[PDB]
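Q: Protein chains in written order, with the authors' numbering: chain p, 3 to 172; chain h, 81 to 143.
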Amino acid sequence: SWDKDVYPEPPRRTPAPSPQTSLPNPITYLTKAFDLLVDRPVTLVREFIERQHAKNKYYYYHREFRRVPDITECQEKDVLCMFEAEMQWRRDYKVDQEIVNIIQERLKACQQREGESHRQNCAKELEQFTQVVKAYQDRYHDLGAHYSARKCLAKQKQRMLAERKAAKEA
Amino acid sequence: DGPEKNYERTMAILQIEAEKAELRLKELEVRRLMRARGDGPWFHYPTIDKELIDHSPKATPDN
């Protein structure tokens, strides 16, 4: 239904019931009523619908954008090359937003799932979220509403020069 | 329309607009040089036409 590698879930461990009482558990009798009254008729309706979908099977595809030269390879004021580099950079910018969203959802699901032990059991998800947010911040933060590949490249070069200067200082 | 049509229609628009913008900047430079030097078709202010001169021998020799 979805890629378990992209949205992982640890193996589930529900303990077997060990009733130490004699009163019946009302939640077991409500589960059977739910399965009998709610689940089964719902399942039957869905099975009818899926049979119709089987009769008429057609496909859609995930659009693949071929890579084009980056803005670094574009000559100044060459709009035709700049246009394709700029449009590609915008597509990558949008994809990176959804990468951060994926990692944020991993983190949030872990917090709810681990319950009272989340501070210790979600360290990996927190670490991965911390790193991706840093990388995203380096690429795209502080560009402004009129952001572009040019302004992103200028930000990168400013950071690269500072790093080069700090390397010499050490 | 579809993305490919709009995308490649945009490149056609950009090419025309960039060609025009370059030509606008060049006409300004051409106009500056022609006006400054007077060596082109534009800013050619007329001088007296030499076909009005009479070259026949005159009433006196020295001319």
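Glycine residues also receive a C-beta, built at the ideal position from the N, C-alpha and C atoms.
(1) Return the CA-CA distance between residue 127 of chain p and residue 7 of chain p, expressed in angstroms with no decimal places.
(2) Note the first and the last residue of the continuous alpha helix (DSSP H) segment covering residue 52 of chain p.
(3) Under 8 Å between C-beta atoms, does residue 108 of chain h make it to chain p?
(4) Closer than 9 Å, Cβ to any Cβ of chain h: which residues of the stretch 71-82 of chain p, in chain order?
(5) With a threshold of 16 other CB atoms inside 10 Å of the CB of residue 89 of chain h, please say whether the residue is buried or exposed.
(6) With 8 Å set as the bound, which would you pick, yes or no: does the beta-carbon of residue 94 of chain h sit closer than that to a beta-carbon of chain p?
(7) Check whether the stretch 84-102 of chain p touches the stretch 98-105 of chain h, taking contact to mean three or more Cβ pairs, one atom from each stretch, closer than 8 Å.
(8) Would you mind telling me which residues of chain p sit closer than 7 Å to residue 127 of chain h, beta carbon to beta carbon, in chain order?
(9) Spatial neighbours of residue 134 of chain p within its chain, please: CB distance less than 8 Å, with the 5 preceding and 5 following residues excluded, ordered by chain position.
(10) Is the beta carbon of residue 91 of chain h closer than 8 Å to that of residue 82 of chain p?
(11) What's the C-alpha gap between residue 95 of chain h and residue 141 of chain p?
(12) Would residue 139 of chain p and residue 124 of chain p qualify as a contact pair, given that the criterion is a beta-carbon distance under 8 Å?
(13) Curious, which full-length alpha helix (DSSP H) runs of at least 4 residues does the stretch 142-172 of chain p contain?
(14) Which word fits residue 151 of chain p, buried or exposed, when buried means at least 16 other C-beta atoms lie within 10 angstroms of its C-beta?
(15) Just to confirm my understanding: we take residue 67 of chain p, look at its own chain, exclude 5 residues before and 5 after, and list those with CB closer than 8 Å. What are they?
(16) Just the Cα atoms here: how many angstroms apart are residue 111 of chain p and residue 93 of chain h?
(17) Under DSSP, the alpha helix (DSSP H) around residue 96 of chain p begins and ends at which residues?
A: Looking at the coordinates:
(1) 14 Å
(2) 42-57
(3) no
(4) 79, 80, 81 and 82
(5) exposed
(6) yes
(7) no
(8) What residue 127 of chain h touches in chain p: nothing, since even the nearest Cβ is about 42 Å away.
(9) 101, 102 and 105
(10) yes
(11) 30 Å
(12) no
(13) 151-171
(14) buried
(15) 90 and 93
(16) 47 Å
(17) 81-116
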